[PDB]
Each structure stands twice: as C-alpha cells, then as structure tokens.
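Undergrad: I need the structure of the sequence given here:
(3 chains)
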Amino acid sequence: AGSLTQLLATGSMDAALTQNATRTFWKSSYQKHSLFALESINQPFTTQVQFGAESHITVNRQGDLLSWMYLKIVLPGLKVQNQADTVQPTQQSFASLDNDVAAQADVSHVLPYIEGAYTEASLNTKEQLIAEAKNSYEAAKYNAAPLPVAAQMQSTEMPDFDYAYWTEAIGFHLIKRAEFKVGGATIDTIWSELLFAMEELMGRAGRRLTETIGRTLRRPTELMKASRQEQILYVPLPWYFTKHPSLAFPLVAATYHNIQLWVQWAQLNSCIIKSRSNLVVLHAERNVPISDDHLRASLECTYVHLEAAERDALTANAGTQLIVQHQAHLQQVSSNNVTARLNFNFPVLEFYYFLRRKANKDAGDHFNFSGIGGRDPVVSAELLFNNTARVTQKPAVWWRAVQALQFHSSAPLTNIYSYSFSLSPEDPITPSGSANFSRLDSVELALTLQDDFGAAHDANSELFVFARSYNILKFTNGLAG
Amino acid sequence: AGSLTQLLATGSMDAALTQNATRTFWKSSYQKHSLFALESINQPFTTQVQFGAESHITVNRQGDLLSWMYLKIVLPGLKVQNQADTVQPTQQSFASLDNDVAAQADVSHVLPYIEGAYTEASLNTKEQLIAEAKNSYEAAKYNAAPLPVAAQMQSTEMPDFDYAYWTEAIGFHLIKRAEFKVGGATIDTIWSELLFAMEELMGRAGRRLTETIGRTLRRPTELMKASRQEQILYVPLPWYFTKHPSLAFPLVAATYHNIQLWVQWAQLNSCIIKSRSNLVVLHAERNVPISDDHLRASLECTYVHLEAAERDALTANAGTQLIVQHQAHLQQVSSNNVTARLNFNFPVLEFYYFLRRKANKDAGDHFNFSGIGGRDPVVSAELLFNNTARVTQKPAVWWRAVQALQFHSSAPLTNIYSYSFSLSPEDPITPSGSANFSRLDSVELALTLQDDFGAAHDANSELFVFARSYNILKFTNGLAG
Amino acid sequence: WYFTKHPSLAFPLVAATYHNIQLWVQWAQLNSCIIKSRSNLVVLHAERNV
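TA: Numbers count the residues shown, from 1 in each chain, chains lettered A, B, ... in the order given. Please find the structure below.
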C-alpha cells in the first residue's frame, strides 16, 4: 500500500522531473559502434639517444589513428667503486649526500641566530645549536612556537654502505623538453616540470605514475633498491590526442606531413645522486664508468585500425579538432617579491606555477618545490589583468589546495599552485571557460615569497609558470596545421 | 570592459563551439524519473554450506529487478592449542610458518651459488651464506648489483606466541568458483583468482574491498588480529547486472526460470595458516577442532520494486541485454617458455593473465603472483592471431602497468597482466572495441618467464588466463536465454 | 619433400585452399638418443639440473 501510494503521490512539481520519462533504470539500452582494433607498436629513435643531447623520431604510419604515446626508457643498473680503485677515475660530477647543498643552504639562513662558539663545537653540539637557532629563526620570522630539539633531529636512517641512485621521478626528469611536430611545425611542447605538475594535479587515485616514471614519493631507500638493476620506464606523453578517443590524431587525414617527436634529454650529472663525493658510478652489468651513451629510449605508440567505411569518411572529412597547447614562462628569482609577466596567447583554460630553490636543484632533488626548511615558498599571490586585480591577494593554501579541490582530480603533495578559468579544465572535449590572453595588454602574476627566498645560497632560484590554452588543429587535403 | 570584450571577441572558429549553445552553466536542468524502491534481503542457501563442498541457492522473487548481489560469509574466530594437550589431535594439515615452503623453494634456487660449508654452519652463518648466494645468483642471472647483506635480512617481527589466521583475502579464496544460472543454463562463471584480479585492476581508490573480503595487503599481524574473533565478510559478486542500474536482471521478464547461484567452496586446509606445525586449530567460541561444517554463508540480494506501469512495460517487452561473460584457460607451468592456446569464444573485450608459483600456493599465499624472490615472473609476452603477431614481444611492465594505465581504474599491486581490445572495458553498457575469438583459428599467448620458473620445487606452477566477452541475454514470454 | 627440390615444384598453397597441410612426426625414444661413459651415471639437463 505504501510503495504504490508513493507512485500515486505526484503533483505539478514532479511533472518537470518524471512526466514523459525518456529513461528507465530497469532496462539497459546500448548503442552500436563501428569496428576498430588497437595495436601497440614500439619504435626506435631516428637519431642516437644520449644524455644531454636532443633526439628525434619520425612516427611510423602503422594504423589510421594515433592514440596513446609512451616514451619507453631503459636505464642501466648502477654500482659504485672508490675513485682510488678505478683505472680511469675521471667522470662527470654527481650530487652527493656527504655534500648536502640543500641542508648547507638551510643552515646558512639560521647562522645569524646561532648563539655561542659554533666553530669550535663538537658535531653533536653543532647539531643542537643549529636546531636551537632554527627555533629562534622561526620565532623571529614566523612567530612560530619552538619545537622540542629532539623532534627536529630526524635521523634519516641512511644505509652504512656505498650506493648511487637515479633521482626521484627520473622518467620525467630525463625529458627536459618534448615537442610534437607535424609537417615541421611544432603543434605542442611539454617540459619535465610540467609533466610532474600535471601528474600531481590530474593523477587519479590508484593510477599514479609511480613505478612507470621511477617515483618513490621521496623514499631514498626505494630509489637505491630500484637503481641496483636495469629499469624500464613507460613515461606517458599527455598530448591532446591521448586524452580522449575522439581526439586521436588522424594519420590518414595528415598523409603528406611527417609526424615527429623531438626530445631534449637531461644531462647525466643531474640524473644521479651518490652516498659519497669520492665514488665513481659504474654501469652495473658492463662494469664501466657510466657515460652519456648509456641512455636508451624508444617510442611506444598505440595505433587504431578502422573499418574501410570509417577510414574513407575520415580521409574525406577529418575537419577540425579542438586542441590544448602548453605555454611556459620561466624566470630566475633573486628577491622575495616577484612579478611574472605572462606573455601567453590564446584562450587560456588555466595556469600552474611553482618555485624551485637553487639548493634543491643542485642537490639533485629536481621536483622539490619546497621553500627554506621544507616550508611553503609562497606567502601570497595576486593575478592582475591590465593592472586591475582579477584575483586579489590570496594566501598560498588558496592557490594550492582550494583551486585543486575545485578543478582537479587530486591535490598536489608538493608546493604546486594552480588557477582555473575553466569549470572542468581536465575535460579535453568540452570547453568550460577561458581567458583570452591574446586580448590582454598585460597579465601579471605578483608573488610574495617567504623571507630570504632567492637570497645568498639560493640566488637564481627558479619560477615556473605553465599555461594550458585552446587552439584548433585543421586537417585538409592530407595536410594538418 | 575586458570581460565584455572577451564575449565580443568571437570569430568563425567559435561558431563551431558556441553558436546555438544548447547548454548553460548558470541554470540547472534535471530529468524526471519513474518511481522505484530498493530493498536488501538476506537469503540462506538451499543446500548445506561446507568447506570443500558445492552449495546452491535458488534466488527468491522478492521484487521486479535484481541489482546488487553479495555473498555474506561468516567465519568463526580461531584459537590454537598444542597437539599434546588435545583429546582428539587428528585434524587436516594446515600451512605453517615454521615450515615456510616458499622460502625453502627460494633457497633451493640459490643452493648452487652457496660457497663454503653450508651444512655444518650455525643458523646465523647459514642466513649470511644464503644472502651472499642470493647476490651471486642475481648477479649471474640478472646482472644485478649486490645489495648489502643487512638490507636482505628483513626480520618480519613475528609475534613470540601461538596463533592461526585465515589467509589473505579469504572472502575471495573461499569462492573457488561461482556460477550464475537461469533456467538450468549457466549464464556466467567467476573464479577466486578472477575476483582478485578484477579488484586489483577495477577497484577504485577509497572503495577497495579490503575489510569486506578479509584483505590486509599482506600484513600478517592484521590477519592474526582479525582471525581471533568471528568475521562477517560481504563479497560482491560482479555479475553483468550488478554493474549498472539499466542492466539489473529483470525477474518479472524471466518468471518461468529459476535463478540460481552455485558456489564451489575452498577446502578448509587451504584457508588457514598457523605459527607452528604441531598446533591444532580450534573454533574460538565452541572450543572444538575446526571442521568443514563451520563455514556459514548466505546470499544478500538487492531487489528493485517498480511502479506498476514500468513493471507491466518490462513484463511485456524486456527485449535483450548486452552481457559480459567470463572465460578461463588454466594451465600448469613446468618451463620458462610457455604457450597458452586461448580457446575463448565470442567478441573478447580484454584478457587478464598471471602466474602462481606452486610454493606460494602450498604456503597458503594464494594471491601471491610473484616469481622467485618476489621478482616479476614474466620477462616478456607476445600475442599471436593465426601465427601472426597481434602484439609483438613486450616486457612484463608494458602488460602490467601500461595496459592498466590506459584501460583500468587502478594499477595492480601484484603481478597481474592485462590487454584490452576495448577503449573502455569497464563501461558495462557502451561497447568500445573487441576481437571476435570465434573467428580466429588460433589465439596464442607466448610467455617468456624468469629463469628456473616451473623447475624443481616449483614444478606445476599455475598460469591463469581469464577473458571478458560480449554476449546477449534475451528475455521472451517469461523465459531468459 | 618433392616441393623443396626445385622452385617450379614449390607447393601451391593458393591452389589447395580447402585442404589442411600437415606435418606429422614420430619422435625417437629418449633411451636411444643418448650414450654415456659409464652404466652407473644419471643423465641430467645441464641448465635445469634435473
């Protein structure tokens, strides 16, 4: 009686929701689709792959569309030997944990707050004086309550043996820049720092790229274990056509253009960290000093094979694809107040920004976007259009956590900040907002950074700003532009 | 002036995106739906439930559709007593940690690499010699750099007291096979190993089945804690009709067919691990030896009640549902080169494969798909159609991590490999690609496994291959087929 | 086979489309394939040590 009465208890308001219902929950409807197949094919580079060099590949035409694209990287296992035991000790310098430049830079900021005879003190006494000076510095700069000295003395249990390892997220770090080219024109460009920021914000829970890019979430012991043997990494290249099947790049519609991936590789000296400064780093299998020619890479492409009728239709009329392109503003930082002039073009969906200390970069911690003592490097930021506040001054947590909560699949674990003009900037096919930067005379991101950011040992810290913008790729008569 | 100018700054390209806009972001539109209610009802098995037996239930007709289906399992708490203190010590044998068959099998592979007097050595000296021989084995087989001996000596802090526990993910392990039957015909079949693989790949972040199936992510101390008391598990049965409301099984349209769930239960000896070989395992409440009749299970079904008009429409014309069925190829492995002949039928969406060492199975670690020393058991795999490479030789990481990244909600934490012909194999209502195996004369999965896989103590290791295929379930005149 | 002796005798697969082509092989017994130095030796697979 009650369940039937609920179906009868309808009024004029229910008519807007349920009158002439076009859907039922109790019967499945499905759509028929055209026939297609997927094939994954690995292809060698057209030029030699080496650390610090640029390499390119011309993408083969082994199907009708191009869908997924992965850079397959093979890194050798690492071993170490004392320089005294080596017949040829001359190698490039690597970052070493016995010379922690990031910790030395952090100590340099607290030196003015050390009370007593620091120079003559025992090692254990120096560690105590540094921890007390950190409390005095943080009280003076941040009105922070002092932490117990014992809570600041975190011994990272480093192993009592010699090692070397590939840096955190080495699969991204290796790709300093990649360019997707069609007919000799650059269609899009991606950077190592952008790839990491995109994975932090858009990386879905349970599908994080951890193993596929050599990322351990800053657990040095796991990087050491992984680096003792050969590593095979599959780094996704997040081009517009890899984001949705309807955006797959129509190879058949671009028949008269070569499709090329160009990759600028990281220098070998930046890719490795060692336990001690006096160690030589060896290729684990070959027992020779590691060299720039030990980088191996290939391109793994997923091709789509279409039925003849769909292939012929696509060849006759591929039309236009909405694309997202990436733009970059890269700036050196030498002061706590920084203004970035964002000379980006087109309808910008969103931008990302973050800072890297010089000391973190020099320590080989390339994706450590933290400030001094691991703090947030940004105090506040403001966004100006033509000297008018588009976003008034907001604290770092608003740009990092509130913007990520509103617009992104994930909140960043590092100090990555974002701002979206789009309601759904991760939707590759549905435009949901933008600001046209080609119609603004000035776009300025004004930053107030933490105290002493870009001073002394951190002179030439880096500001990264990346923007995502809409453009249109047109296919006509076997050409793409 | 700027924001109004952006709305006016439109050209012929914007017309394809925004001309005659059929959607606004500033006004919600909603659809009205028909009246329905959901009811969860628990039902006993029609036959006795016991370990190692087969049991069935005829599903009641308590609503118009059948939606969710959970196997509700009740396991008793476990206690242990010394065999010497027990009035009836005769029980089935259980796996025991004092007789670690998996560790003994791993040691057997490194015995040829032990230098010195192993037989006469002290226990601590034997552990050192085994860790050194592991380095020599891994250097010889994999060109691995040696790990410090202290880093290989992981003491799992096992408690200094007697215990027994239910094996990891016991809720899946208990279900050796389940069959969904309609009118005496098997509509679909699921296996323990498939349920685990499906949860690894399709299990969403924050909705993993951990507690609901007794899974701890291989933390033995948590399995011990859970096993001291009665456990109630709710194991989801992932039938086609549980995946989307429009696929709910139309009970009213199948009025003349009995709906049955058949379950083949795991043997009790495989479900329990104990600290020591000389312990008797007791039911914690009853203080009697644990026996095959201590398994309790019931079926929890979610029924849908429809409004009379929708019920009558569905009874008159339920039509056809697209269904996904599961197929299995199960093979013994006795060599490092394995060819699996996949005699699957219908349009296959995707397949999963993985290996289990005999030693891992015998140790009671039923979902440990790792190789020797916890390594990846697959070096490479190739997929052939009619002796032509459909997927050329690819390394294990491509089949495990790249395929999961492209097509699945999650990457597997275990050595589960997949391959999809579908762009969205987790979409239950939208076909997005398949390969029709009923039109292929041969489908071969060729595997190169790690060295010594399936040799000696691992003779009769297991290869599992599961496929998901499209079929059609038709409803006509109160019958389903 | 006759078709391996001269290119003009190559077996025309296209002309035999409705027939399966099969090679059947009867293998020698393992006991006949091996000779050993001494009667009291066990013969092992060199890699597998079985």
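
Undergrad: continuing past the host helix or strand of residue A:180, what's the next helix or strand?
TA: Per DSSP states H and E, residue A:180 falls inside strand A:175-182. Where DSSP H and E defines the elements, the next helix or strand beyond strand A:175-182 is strand A:185-191.

Undergrad: which residues are in contact with that next one?
TA: A:175-181, A:237-240, A:323-326, A:328, A:464, A:466, A:473, A:481 (Cβ atoms under 8 Å, 6 or more residues apart in numbering or on different chains). Placement of C-beta: from N, CA and C, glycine included.

Undergrad: Next, the angle strand A:175-182 makes with that strand.
TA: Strand A:185-191 runs at 160 degrees relative to strand A:175-182, counting by axes from the mean of the first three to the mean of the last three Cα atoms, to 10 degrees.

Undergrad: Would you mind extracting the C-alpha trace of strand A:185-191 into PDB?
TA: Extracted in PDB, the C-alpha atoms of strand A:185-191 (Å, rounded to 0.1, in the frame of the first residue of the first chain):
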ATOM      1  CA  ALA A 185      55.600  22.900 -37.300                       C
ATOM      2  CA  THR A 186      55.600  22.400 -33.500                       C
ATOM      3  CA  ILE A 187      52.000  21.600 -32.500                       C
ATOM      4  CA  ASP A 188      52.700  21.300 -28.800                       C
ATOM      5  CA  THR A 189      55.600  21.400 -26.300                       C
ATOM      6  CA  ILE A 190      55.900  19.700 -22.800                       C
ATOM      7  CA  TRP A 191      58.500  20.100 -20.100                       C
END
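
Undergrad: Would you mind listing the buried residues in that strand?
TA: Within strand A:185-191, the residues that count as buried by 16 or more other Cβ atoms under 10 Å in any protein chain shown are A:187, A:188, A:189, A:190, A:191.

Undergrad: Burial check on residue A:300, number of neighbours?
TA: Counted with other Cβ atoms under 10 Å in any protein chain shown, residues neighbouring residue A:300 total 20.

Undergrad: and the helix or strand hosting it, what does it pack onto?
TA: Taking DSSP H and E as the definition, one finds residue A:300 inside strand A:296-306. Applying 3 or more Cβ pairs under 8 Å, 6 or more residues apart in numbering or on different chains; DSSP states H and E, we find strand A:296-306 packed against strand A:36-44, strand A:65-75.

Undergrad: next helix or strand past that strand?
TA: Next along from strand A:296-306, by DSSP H and E: helix A:308-316.

Undergrad: Check the offset of that following helix from the chain's centre.
TA: Here helix A:308-316 is found 37 Å from its chain centre; the criterion is Cα atoms, centre = their mean, to the nearest Å.

Undergrad: again, but for stretch A:450-467
TA: With Cα atoms, centre = their mean as the basis, stretch A:450-467 stands 18 Å off its chain's centre.

Undergrad: Return the strand ranked longest in chain A as PDB; C-alpha atoms alone will do.
TA: Counting by DSSP state E, the longest strand found in chain A is strand A:461-476. The C-alpha trace of strand A:461-476 is given here as PDB (Å, rounded to 0.1, in the frame of the first residue of the first chain):
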ATOM      1  CA  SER A 461      66.000  30.100  -7.700                       C
ATOM      2  CA  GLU A 462      63.500  29.200 -10.500                       C
ATOM      3  CA  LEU A 463      59.900  30.300 -11.000                       C
ATOM      4  CA  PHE A 464      57.900  28.000 -13.400                       C
ATOM      5  CA  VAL A 465      54.600  29.200 -14.900                       C
ATOM      6  CA  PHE A 466      52.800  26.900 -17.300                       C
ATOM      7  CA  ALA A 467      49.500  27.700 -19.100                       C
ATOM      8  CA  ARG A 468      47.100  25.400 -21.000                       C
ATOM      9  CA  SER A 469      45.400  27.200 -24.000                       C
ATOM     10  CA  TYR A 470      42.800  26.200 -26.600                       C
ATOM     11  CA  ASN A 471      43.700  26.200 -30.200                       C
ATOM     12  CA  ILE A 472      42.300  24.400 -33.300                       C
ATOM     13  CA  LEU A 473      44.100  21.800 -35.400                       C
ATOM     14  CA  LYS A 474      42.800  21.700 -39.000                       C
ATOM     15  CA  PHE A 475      43.000  18.700 -41.400                       C
ATOM     16  CA  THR A 476      42.600  19.400 -45.200                       C
END
